[PDB]
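Colleague: Please find one structure pasted underneath; my questions will follow.
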Amino acid sequence: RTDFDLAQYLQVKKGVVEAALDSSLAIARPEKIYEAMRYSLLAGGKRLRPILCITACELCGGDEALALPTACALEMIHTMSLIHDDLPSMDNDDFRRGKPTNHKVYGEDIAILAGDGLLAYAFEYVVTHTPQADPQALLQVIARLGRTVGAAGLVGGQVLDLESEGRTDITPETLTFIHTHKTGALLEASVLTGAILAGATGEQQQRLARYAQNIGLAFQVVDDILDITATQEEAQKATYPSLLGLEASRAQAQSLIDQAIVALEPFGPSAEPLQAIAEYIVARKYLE
Amino acid sequence: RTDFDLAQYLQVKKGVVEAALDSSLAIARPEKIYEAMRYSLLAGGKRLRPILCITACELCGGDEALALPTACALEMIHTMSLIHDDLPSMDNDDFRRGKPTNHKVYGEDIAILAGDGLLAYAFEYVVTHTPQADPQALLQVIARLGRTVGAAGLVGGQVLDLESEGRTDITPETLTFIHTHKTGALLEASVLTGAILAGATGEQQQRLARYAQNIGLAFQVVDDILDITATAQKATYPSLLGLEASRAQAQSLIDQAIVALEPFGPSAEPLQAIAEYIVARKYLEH
Ligand SMILES: C=C(C)CCOP(=O)(O)OP(=O)(O)O
Ligand SMILES: C=C(C)CCOP(=O)(O)OP(=O)(O)O
Ligand SMILES: [Mg+2]
Ligand SMILES: [Mg+2]
Ligand SMILES: [Mg+2]
Ligand SMILES: [Mg+2]
Ligand SMILES: [Mg+2]
Ligand SMILES: [Mg+2]
Ligand SMILES: [Mg+2]
């Protein structure tokens, strides 16, 4: 076929990523830890972060083989964060994607350890499976992944989110600070690691970072819009529409997507798939 | 002073390591996560793994400045492992080194996350603070650290240790398999990362791996001897072998560790002495 079909693009990339994730975890002694990591890693989902990494790598002149190990590592980090998030000490969720959570299947101890194992493996896998990368670029990917996961990124965001729970003084600024850390850091890492592997300039990286921060926040604002309008069709937690109103929330979500698209215009037409992904993810949230 | 004094050597290396760990974590928002990571990282202790890393790097022709960031990363990883091990889902310890455990101070949620934050920071720190390393050697250190922590190392060891509880078929070989994963991988990583940074040969690295595996197992045998002589169900070296055979095995392992490093010449004397010193202090701190 000759016509770019975004749904098909995303389906093909998801298939490549899921085959690589499956192959990445060969069961060995002790089999339980591999089974528990695979239970969460291979559970499906959109695979957005690996897809963003591959797509940004290609945009900057790299190839899928260069990006794929780091793409897998990003999904291992994402997966670890969900395993830890679901625990009884954290969100205490029995189900995820309509299936029992890792700790409800294997125990809290095994779930904690499966998350730790996935986070360690992300770093190992980037190095062992990208021997063709420029070594200084690969070291920059490792530094970015460490910074992204830790107290200045995802883990800091998880702490900011826990601190907000049940508070009565939440503002839009407080929510945005949570989101930039809890989801924005890892979305930024997904596009920036792909770009770094391909040798992108600082200027190119700054445009991709603006794209990633904007789509991350837009996705959160849209999720809040759909939550409050489902409640319209039907503990206390403030949301963008509860704090700002639905009109202002809708205008902010649209502005953020528009700014993400404008951020990538200077790449030229090569940026069209990343620009399309921004609008597509939002449109699918409204349809699903 | 002209006499090599191991205790003084260790005190000076511990002071360098502790100053670097303290400087590594500047409090920022959210303050609680930095407070929780600092609480466990800066709790003191022997700092064995960072000191092994610096000592092995120096043995192989490297220096403290080359090794120090990796040494700090090893102690961040060690610290994470203890935070997670203490949790109510795992050992459920209220105290460590006579002080409240991380989750008793900050809560289980913050403790889990402080562990995750320390493991992430280990990899960041190694890369950002070692610009003078050969980049391929530094990548080999990163791969070694990730393999050491995960399913083929420490986390696999933690799972093998849980699986051993309340079993009747544990053998000395099965117990040794637990220990080589749960503590041996990280002790081996401590000396091998220092050696890799310095450009050690494969032959040198194989000797340091033998040293590390032997001291790690000796430390575990000695811990079991001291526990049973002070006295969830778990077999131990003395419960499986008897005390006489356990004592002979602990001595043999220390002897083998010392012999493993003889071919380096007198430069290996500090590492050789650390093996005997750690055992001697365990008996004295019993
Ligand atoms: C780091 C992240 C994003 C963990 C999941 O976030 P939440 O607890 O808010 O969301 P669920 O996926 O549990 O609904
Ligand atoms: C990964 C490691 C080494 C955790 C410590 O071992 P255990 O639970 O057996 O050790 P302690 O609690 O006695 O410190
Ligand atoms: Mg949560
Ligand atoms: Mg949750
Ligand atoms: Mg929301
Ligand atoms: Mg365009
Ligand atoms: Mg334990
Ligand atoms: Mg023991
Ligand atoms: Mg000698």
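Top line first, the protein sequences correspond to chains S and H. Residues in the first sequence are numbered from 4 upward in steps of one, following the working numbering. Residues in the second sequence are numbered from 3 upward in steps of one, following the working numbering. Heads up, the beta-carbon is just placed ideally off N, CA and C, and yes, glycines get one too.
(1) Strictly below 7 Å CB to CB, what residues from chain S border H:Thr130?
(2) Cβ-heavy atom distance between H:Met92 and ligand 7 below 8 Å?
(3) Quick one: using the 10 Å Cβ neighbour count with 16 as the cut-off for buried, is H:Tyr285 buried or exposed?
(4) Compute the minimum distance between the beta carbon of S:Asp89 and the heavy atoms of ligand 4, and state whether it is under 8 Å.
(5) Using a Cβ cut-off of 9 Å (strictly closer), state whether S:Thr151 contacts chain H.
(6) If you measure between the beta carbons of H:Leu61 and H:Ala270, is that distance less than 9 Å?
(7) Checking 9 Å against the spacing of the C-beta atoms, do H:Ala116 and H:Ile29 come in under that value?
(8) Does the beta carbon of H:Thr103 fall short of 8 Å from some heavy atom of ligand 8?
(9) Do you know offhand how far H:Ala45's Cα is from H:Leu245's?
(10) Is H:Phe125 closer than 9 Å to S:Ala146 when the C-beta atoms are compared?
(11) If distances are taken between C-alpha atoms only, which option among H:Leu147, H:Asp226, H:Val151 comes closest to H:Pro174?
(12) Report the neighbours of H:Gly186 on chain A: residues whose CB is nearer than 8 Å to its CB, in chain order.
(13) Pull up the DSSP beta-bridge partners for H:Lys101, would you.
(14) What's the call for H:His80, buried or exposed, on a 16-neighbour Cβ count within 10 Å?
(15) Measuring only from the beta carbon, is S:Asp164 closer than 8 Å to any heavy atom that is part of ligand 3?
(16) Ordered along the chain, which non-local residues of its own chain (more than five positions away) have a Cβ less than 8 Å from that of H:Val224?
(17) For the pair the region 176–193 of chain S and the region 153–167 of chain S, tell me if three or more CB-CB distances fall below 8 Å.
(18) Just reading off the alpha helix (DSSP H) that H:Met39 is part of, what are its end residues?
(19) When burial is assigned at 16 or more other CB atoms within 10 Å of the CB, is S:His132 buried or exposed?
(20) Could you run through the region 116–130 of chain H and flag, in chain order, every residue whose CB is less than 9 Å away from some CB of chain S?
(21) Once you ignore the five residues that flank H:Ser83 on each side, which residues in its own chain have a CB closer than 6 Å to its CB?
(22) So is the beta-carbon of S:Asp96 under 8 Å away from any non-hydrogen atom of ligand 4?
(23) Leaving aside the five residues before and after H:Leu255 along the sequence, list all residues of the same chain whose C-beta is less than 8 Å from its C-beta, in chain order.
(24) Does the beta carbon of S:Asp112 come closer than 9 Å to any beta carbon on chain H?
(25) Name the chain H residues whose beta carbon is nearer than 7 Å to that of S:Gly159?
(26) Whose Cβ in chain S lies nearer than 8 Å to the Cβ of H:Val161?
(27) Go to S:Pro72, then tell me how far its alpha helix (DSSP H) extends in each direction, as first and last residue.
(28) For H:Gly204, count the other beta carbons within 10 Å of its own beta carbon; 16 or more makes it buried, fewer makes it exposed. Which is it?
(29) At the 9 Å Cβ level, is S:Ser92 part of the contact set with chain H, yes or no?
(30) Of the residues S:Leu55, S:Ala23, S:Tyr243, S:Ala59, which one's Cα is nearest the Cα of S:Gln207?
(31) I want to see whether chain S comes within less than 9 Å of H:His86, judged by CB atoms only; does it?
(32) Taking 8 Å as the cut-off, does the CB of S:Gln161 come closer than this to any heavy atom belonging to ligand 5?
(33) Can you list, in chain order, the stretches of the alpha helix (DSSP H) that have 4 or more residues and sit fully within the region 147–203 of chain H?
(34) Any heavy atom of ligand 8 closer than 8 Å to the Cβ of residue 2 of chain H?
(35) Counting only beta-carbon atoms, is H:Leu76 nearer than 9 Å to chain S?
(36) Could one say the Cβ of H:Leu141 lies closer than 9 Å to chain S's Cβ atoms, at least one of them?
Modeller: According to the structure shown:
(1) Neighbours of H:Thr130 on chain S, chain order: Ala146.
(2) yes
(3) exposed
(4) yes
(5) yes
(6) yes
(7) no
(8) For ligand 8, not one heavy atom lies less than 8 Å from the Cβ of H:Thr103.
(9) Cα to Cα, H:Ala45 sits roughly 33 Å from H:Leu245.
(10) yes
(11) H:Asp226
(12) Considering every chain present, this structure includes no chain A. Its protein chains are S and H.
(13) H:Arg98
(14) buried
(15) yes
(16) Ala252, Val281, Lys284, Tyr285
(17) yes
(18) 33–43
(19) buried
(20) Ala116, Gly117, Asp118, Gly119, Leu120, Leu121, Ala122, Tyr123, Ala124, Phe125, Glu126, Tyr127, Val128, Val129, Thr130
(21) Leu156
(22) yes
(23) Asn216, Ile217, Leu219, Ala220, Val223
(24) yes
(25) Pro32, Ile35
(26) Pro33, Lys35, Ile36, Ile113, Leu116
(27) 67–89
(28) exposed
(29) yes
(30) S:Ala59
(31) yes
(32) no
(33) 156–166, 174–181, 187–199
(34) Residue 2 of chain H cannot be examined here, being either before or after the span of chain H that is shown, 3 to 288.
(35) no
(36) yes
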